[PDB]
Amino acid sequence: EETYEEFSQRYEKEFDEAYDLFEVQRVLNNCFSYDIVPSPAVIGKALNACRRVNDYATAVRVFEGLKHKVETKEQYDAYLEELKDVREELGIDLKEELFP
Amino acid sequence: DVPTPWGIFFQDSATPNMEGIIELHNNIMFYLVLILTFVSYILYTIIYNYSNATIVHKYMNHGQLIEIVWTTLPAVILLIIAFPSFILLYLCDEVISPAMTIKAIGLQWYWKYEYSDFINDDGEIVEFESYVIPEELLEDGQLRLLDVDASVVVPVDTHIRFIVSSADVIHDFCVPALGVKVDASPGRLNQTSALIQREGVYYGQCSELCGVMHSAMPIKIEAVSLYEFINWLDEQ
Amino acid sequence: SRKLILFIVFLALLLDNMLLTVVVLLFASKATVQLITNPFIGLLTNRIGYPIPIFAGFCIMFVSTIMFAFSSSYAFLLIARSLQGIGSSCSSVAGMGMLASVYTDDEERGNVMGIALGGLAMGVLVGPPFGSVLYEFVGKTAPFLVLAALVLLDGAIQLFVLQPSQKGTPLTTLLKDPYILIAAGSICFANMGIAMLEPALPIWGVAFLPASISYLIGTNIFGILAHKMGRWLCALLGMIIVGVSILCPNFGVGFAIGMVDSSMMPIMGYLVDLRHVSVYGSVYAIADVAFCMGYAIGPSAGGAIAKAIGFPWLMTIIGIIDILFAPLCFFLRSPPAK
Amino acid sequence: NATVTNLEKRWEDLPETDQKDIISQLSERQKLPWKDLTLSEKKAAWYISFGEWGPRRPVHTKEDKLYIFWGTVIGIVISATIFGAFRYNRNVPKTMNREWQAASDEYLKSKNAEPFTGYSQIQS
Amino acid sequence: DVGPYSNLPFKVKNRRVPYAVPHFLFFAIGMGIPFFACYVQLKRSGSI
Amino acid sequence: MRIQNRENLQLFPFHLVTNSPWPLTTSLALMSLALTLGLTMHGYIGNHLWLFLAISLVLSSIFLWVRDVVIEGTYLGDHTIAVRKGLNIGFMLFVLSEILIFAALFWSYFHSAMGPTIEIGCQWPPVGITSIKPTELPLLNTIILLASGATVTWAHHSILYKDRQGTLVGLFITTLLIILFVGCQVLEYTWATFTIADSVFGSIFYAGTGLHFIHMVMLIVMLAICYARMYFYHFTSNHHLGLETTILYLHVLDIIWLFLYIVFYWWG
Amino acid sequence: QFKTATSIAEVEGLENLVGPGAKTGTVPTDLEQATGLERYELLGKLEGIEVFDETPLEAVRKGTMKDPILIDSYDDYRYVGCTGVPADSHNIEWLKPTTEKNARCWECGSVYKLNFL
Amino acid sequence: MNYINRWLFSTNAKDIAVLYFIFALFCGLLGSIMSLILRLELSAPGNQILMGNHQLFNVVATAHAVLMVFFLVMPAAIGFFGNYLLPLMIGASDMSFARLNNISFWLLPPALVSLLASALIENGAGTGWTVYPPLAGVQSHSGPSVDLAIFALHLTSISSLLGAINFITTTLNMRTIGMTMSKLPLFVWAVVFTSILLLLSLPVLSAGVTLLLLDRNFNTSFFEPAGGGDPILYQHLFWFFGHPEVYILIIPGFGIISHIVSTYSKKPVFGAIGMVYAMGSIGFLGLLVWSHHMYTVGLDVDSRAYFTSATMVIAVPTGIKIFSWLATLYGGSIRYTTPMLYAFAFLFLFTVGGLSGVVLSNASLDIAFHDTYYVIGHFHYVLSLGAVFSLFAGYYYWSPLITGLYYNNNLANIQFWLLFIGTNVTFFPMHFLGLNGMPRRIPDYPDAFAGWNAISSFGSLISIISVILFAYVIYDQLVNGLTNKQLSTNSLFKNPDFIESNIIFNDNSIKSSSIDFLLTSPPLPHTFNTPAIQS
Amino acid sequence: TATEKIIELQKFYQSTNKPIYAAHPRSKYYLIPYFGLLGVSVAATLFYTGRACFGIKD
Amino acid sequence: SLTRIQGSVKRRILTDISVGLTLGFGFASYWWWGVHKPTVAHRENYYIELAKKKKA
Ligand code: HEA
Ligand code: CUA
Ligand SMILES: [Cu+2]
Ligand SMILES: [Zn+2]
């Protein structure tokens, strides 16, 4: 029943008040559990939340979740072309550039 | 008729009632096949798409339109199945003019047959008893556990009304090709009817359990022409 | 055949009381509606016959409940109750007439009337919250609706697809005969007592539950018992038991109600056959009017009396009248020559 | 560098007291602004949290499906052998012979039996 | 004495006779009882 | 839960029953009874002194259960408000199954009543079997049961208003007035002109009016226990769960009798 | 067996709950014949104190690691069932708070701490 | 003496479930071997193993029916899984009436002795599972054999009645702080519904069997037509118990599957209220239909229509349950452990077996399928593949929580595949043999029916190998069971989510929707001292 | 003492150290005959059910 | 645009119900026009050649 523009505000508000790594992982886990793929603003707040709690693996796995949530590949490449300044400023590296 | 070695489906029919049974069964299997294919496809899709999945949809738990739809369609299927069943149940029976009567008393481990007509003034009603031919005394070509020393003989294209009763325990009168299956209770008279369209030999077996030699009580019904029936009756 | 005719009466008689409990007051409205339209059915039954109205009533009820689902307005709910009561009245009258027609012999009629009236009690328990706001109740009631549809389809196949005068003694003239008045009024008093008892009792539903089973048992047994025992004697005991219970527990009231109903319903056709025209359809209208009028008018008066003169005094007056109704019922033993 | 380089081939053999030291040495190295972390540290940090060790192992490996398959085949062979052993030692009545099941066909052919799909009693 | 071997009616470890004997005899008796009845009834009626 | 010394007492209102050997003994007695009864009817025993021993042992087993169930409630003091409600639910659920066995016999009676076999002449109670007149002793039994139901309500209202003499007289009269029911129905089995094996009528008449007999002997034993336990100061003015259970049983038996008297004695 | 109690402030066990005796010729009262966990309840209900609480869990606020919801337990552990802040939103999740670690409720995030009495 | 006061004079509810399990294994092994004896005689035409005795073939069938309907499924499903799980799910330390539970256990071994002694004292009791009156008289069965078999159905009835009454009275007034009767799990609802059916269905059976005993031993003439009786009455008094019975064996199974589909598919059950209402309707409409077992006895033409209409309506609630299970497995993640395999195999085999039911409910068609192996093939798919599969799933699901010891995954998978293949080979040709006209309860058959009978005696020898492997699996569980938890990740109750790191998972491992998986590794004897709290 | 031994048997059943069915000094008379006769009854139903499997009658 | 995805499981459900019913109807329209009707036609052709022999 909830709309896109209420989902995408409730989750920014939730990401802006988490205090531990447990909380960030919990909020991310049920953000990717709806019918709606999160907008780039929500992911932008999620990366900052992961930065405050000082975790690197989560910032790389948030991008690995988009590859599965998205329907096709053009959409996945469209996400990576709006979240490009944020990545190159924070320092996040995708998994396919690490090959771990 | 006679059972076939590697059987898969019904026996050949010789009465309208058995054709009705076959048609109703073939009608129901349509919808049953539909339901089975639907369920199997859903399981196949679930296995192929959603095994070891990264995303879990843990908020799709209510449904409102789909619960009407998996409750109304089975109802309409049941109604469609129920219509022809009621028509067949009420329609096919001995509506007009039964033509001949044969009493079949089922004793312990053999059958007894009486022809209620064909009587004289002194009570010489034609009657006999049907036993089973053992393995040791079989001739060349006779079927085992289905062949009897005396066989019922009836005309073709004549209504036959069988009255079933028993004297010892609860037996069952069965002839699968003719579509006849009735019980023989110790203190009541049951009845069934049959019409035969082609000449031949029809074999049958008992149904309800009655003791040691429950597997050795064959029934054998021959359908001959009118002339042969007269010749047979003028000898017994 | 004959058994099928009974199943239909069971369903029809169950439906009306199932709707009574459901509400969604509105029931008060439904009952008056029934009184108003019941008399007319005597003309219809005699000419067209029962089977055409019988199945039409069910589809009218279905469209009425569809109207319930469509519109939530109070006026629409009242109109739906009115149409629902119209269909219920037509179905009940036609079913009683047809079941009377099929079973000519008196004893068979007494046997079948109990099983028919059993649905009247069954409707009370089956559908009190029938089709509630939550979809789960609709889902739970779906299987029974399917069974009703299949049995009605069997009836349709039997009656239609396959091969299966004037009334005298008007209603007021019929009342002029004292036996008719006594027999009709005994049921009305018996129902009126319990109907007034029910609302005030909780202040002074769970208790009424055993009465549902008690009514079923009594109606089943006394239909067979009455012919051998004597129909008037069962009513004479039952009315006095109802008066004793009401004046001063639910199971006993229900069992005595079963006594009175099974004793009084079949006996009416006997008087009509003996001293009047050989017509079954018209007579049941008086009884049905008594049933509906007892519950429609009087529960409000009983509630108003309660807490004004007190629940014990209202129950005392109702029990007094019910106990005094017993001497009148003795006259129902034999009717005069005519 | 040796402590962190190539954790994928050594991580599960260490005790439970040499793992908390690595985890608590990478927890005060991530507080620094990233782009100051070596590549090996990034790979090790990814492996420790989201990798194929411990509670992320698969239920079935490639060497377990073969075991299950070759177990079921062996289970079928034993039953086949026992059934054959019980099958050679039988009571064969006189009717189970072809020369007898050819005469029954003649009898069932004189009286027209199964004009539809078929009559035949030959199974030897 | 709560533990992983404290709710069972039988002893499984630190035992003189190894557990395999008690485990196997149970199944052997359970699957061999139905043949004894057949033997008793066959020998009571002549046939072998 | 913030009372001062609360850990010294239990933290939930239920009963943790101690270890008892009575289930095993009752089971063994029932096994012995079943085997002895199954053999004695076809030879294999001869003497009839083993079946009686088995029945005696079973009854002793129930009595020795009830001793502990009484000591756990009158002396140790473990019957809170929850345990009492549980016991009431259990007794009602047993009485329901006790009633449902009678519906089976009533159905077996109406199935033979309507549709009589050709072997018997098409008539209930047939020729040669004279029924029992219902204007005789079966009238006394109904009056006695109604009076018995009326006298035990005087005992339960004589214990809430705190009168001792007035609770004992009612129980005495009720016991001595059910003994008359048993006697009047045991001297009506000796004045009969039809046996168990003369028809289907005499095989159902003595199978629904013989089980009621056993359930009345049970009532006599129960009321004897209630009198003996009230004489010795076991019952309080607000805690007596034997009286309620023995009152709910008498009313059920009376209602069953009023159906065994309308369906078996009158209709025929 | 020992001194008899008069209110639930001098009841230290099952030894203080025997009671005086009735008099010969009267129907005894529950205040003169009650021993175990019956007379405890009887004494509690004559003052207003309920010995056996039946009040469900708190559903007013969530719990942070600085201000956790406190659960009283006479043991080292207690089972707690969480259903949400407005009290029926979150589905049921069961937890075991103890004296060495806190529960955290993987869905909503409320934290429960154990208070030993 | 500590042994005797703890495993003979017992009161704890979780120490009686273990004894029920040990009894069920024994009484299931016996019946399975009797079935093998049955299938080694119907292999090729002639007299093969039982030399010429057609008695001793009916005794085997009757004993196989009784030992495996009354002594395996009920003790395993209402005794082992009810007594152990219902109190822990509802937060009760023990049940309301402990001594009654103890007697409910102990009445059974006295009952198996009678059944085993009715097969050795004389020719035996070859009357079938349904003991029909005119055959089980004193003219065909003259001996202490039928009587000793009726006394084994009396004791079991007492046990079941006491257990059901205990369950109903415990689930009402013995719940935790905040559990209302709409927040209960589904297994508790299943136990409650089966208990209500047990209360309303058993006294009729007791009346019928006792009347038959009186007719046998005291010449009462209830079922003798020379005094005014009818045998058909007995049939009624049997089948009023007969049809509720067949649901008591499947309803406790249903609940088990629900739990499994909510664990390994990490999603809540789709429409819980819908499923509770569906079970209620399935139970209630199971008492109004009992005469489709007698369509050939000569019923009216207006009573067949009601019974053919009231039998098909049951398909609606069961369809609701099946569709809800597919819906709950749809969106979520699936990991194929050994219980989930049985859960998957249940959903297809039960459907295939129950779709045969809608063909046999028509009174017109039952003239061609009554007393024929179509019925046998019908009810083995719903019993041997619907109830036993649920039992195996429950064992593989709850054994580590009770015992503290884990099992080998590979041998479990091997056993599952063997049982699947054997059971599917053994019961499908019965449909063809039924269509071609093979009667039931016959030791010997004509020559035509040989071929399929040679295929159905091949799967039985696979099912028995599966049973022996199950025995070895239990053995490998008990010995070296503590070192089996590191072989496979099947020991884990729930895998980590996508973002949930391993370090965080190791600190918070159990995320559950019931108390069951939070209790200690073997649950403590007194589990709840201070009560549990629910919102 | 007087008829109210209730306040004296309530101090004996508590702190007894024996099972409640063998605590009072009267349980001997109930418990010796019962267990004595149960043994004979059980040892006579096993002598005749193994004596009946061999076909011996009386 | 390409950065706004809202509903993709509902379409999957609709496509997985629109293929499990067409497939079932295909598998059931073979049972009634390839296994049933020709058998009835064969039977009726048999019975109308048996009557011609008797007529002649
Ligand atoms: C324990 C297993 C079990 C169960 C659950 C049931 C329940 C049912 N049984 Fe029962 N039955 C037996 C085992 C069982 N039965 C046995 C052993 C006997 C005889 C024993 C004896 O004779 O000695 C018997 C008796 C019996 C008979 C008597 C046959 C005869 O002898 O002539 C018949 C049919 O006539 C029948 C059919 C059914 C049906 C339709 C159901 C239904 O409850 C099942 C319905 C299942 C479904 C409908 C499948 C799910 C549906 C969908 C997935 C979608 C919905 C589909 C539509 C709406 C069409 N059963
Ligand atoms: Cu005898 Cu069948
Ligand atoms: Cu059934
Ligand atoms: Zn929560």
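Numbers run from 1 along the shown chain.
This deposition comes from electron microscopy, 3.2 Å.
Using the three backbone atoms N, Cα and C, a Cβ is placed for every residue, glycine included.
Judged by membrane topology as recorded in Swiss-Prot, C:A80 shares a side of the membrane with C:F137. Long-range C-beta contacts of C:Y215 (serotonin binding site), restricted to its own chain and to partners at least six residues apart, with a cutoff below 8 Å, comprise C:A121, C:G254, C:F255, C:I257, C:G258, C:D261. Contact between the transmembrane segment (C:303-324) and the transmembrane segment (C:141-163) is absent: fewer than three CB pairs lie under 8 Å, with pairs separated by 6 or more positions in sequence. Missing residues between C:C248 and C:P249: 12. Distance between their CA atoms: 10 Å. Here the topological domain 'Cytoplasmic' (C:43-51) has Cβ contacts under 8 Å with residues 90, 93-95, 97-98, 101, 159, 165-167, 279, 281-282 of the same chain, all six or more residues outside its ends. Counted over residue pairs 6 or more apart, the CB atoms of the transmembrane segment (C:178-197) and the transmembrane segment (C:112-134) come under 8 Å in fewer than three pairs, which marks the two as apart.
Applying an 8 A CB threshold to same-chain residues 6+ apart, the list for C:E198 (serotonin binding site) reads C:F208, C:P299. With a cut-off of 8 Å on Cβ pairs spaced 6 or more residues apart, the transmembrane segment (C:4-24) and the transmembrane segment (C:141-163) reach 3 or more such pairs and are scored as touching.
Distant neighbours of the topological domain 'Lumenal, vesicle' (C:135-140): 129; these residues of the same chain sit at least 6 beyond its ends, with a Cβ under 8 Å from one of its Cβ atoms. Unbuilt region (6 residues) between C:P164 and C:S165. Cα separation across the gap: 23 Å.
Distance across the unmodelled 12-residue segment, from the CA of C:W204 to the CA of C:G205, is 13 Å in the deposited entry.
Among residues of the same chain six or more beyond the transmembrane segment (C:277-297), those with a C-beta under 8 A of the stretch's C-beta atoms are 20, 28, 31-32, 34-35, 38-39, 41-42, 45-46, 50, 89, 92-93, 96-97, 100-101, 165-169, 171, 174, 180, 184-185, 187-188, 191-192, 195, 264-265, 268-269. Its Cβ taken as reference, C:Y295 (serotonin binding site) is surrounded by 22 other Cβ atoms within 10 Å in the chains shown. Listed binding-site residues: C:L120, C:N191, C:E198, C:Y295. Those with a CB under 8 Å from a CB in chain B: none. Where the chain is interrupted between C:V24 and C:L25, 91 residues are left out of the deposited model, and the two C-alpha atoms stand 9 angstrom apart. The Cβ of C:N191 (serotonin binding site) lies under 8 Å from the Cβ of C:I257, C:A290, C:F291, C:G294, C:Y295, each of which sits 6+ residues away along the same chain. Using a Cβ-Cβ cut-off under 8 Å and counting only residues 6 or more beyond its ends in the same chain, the topological domain 'Cytoplasmic' (C:227-231) has close neighbours at 106-107, 110, 263, 266-267, 332-333.
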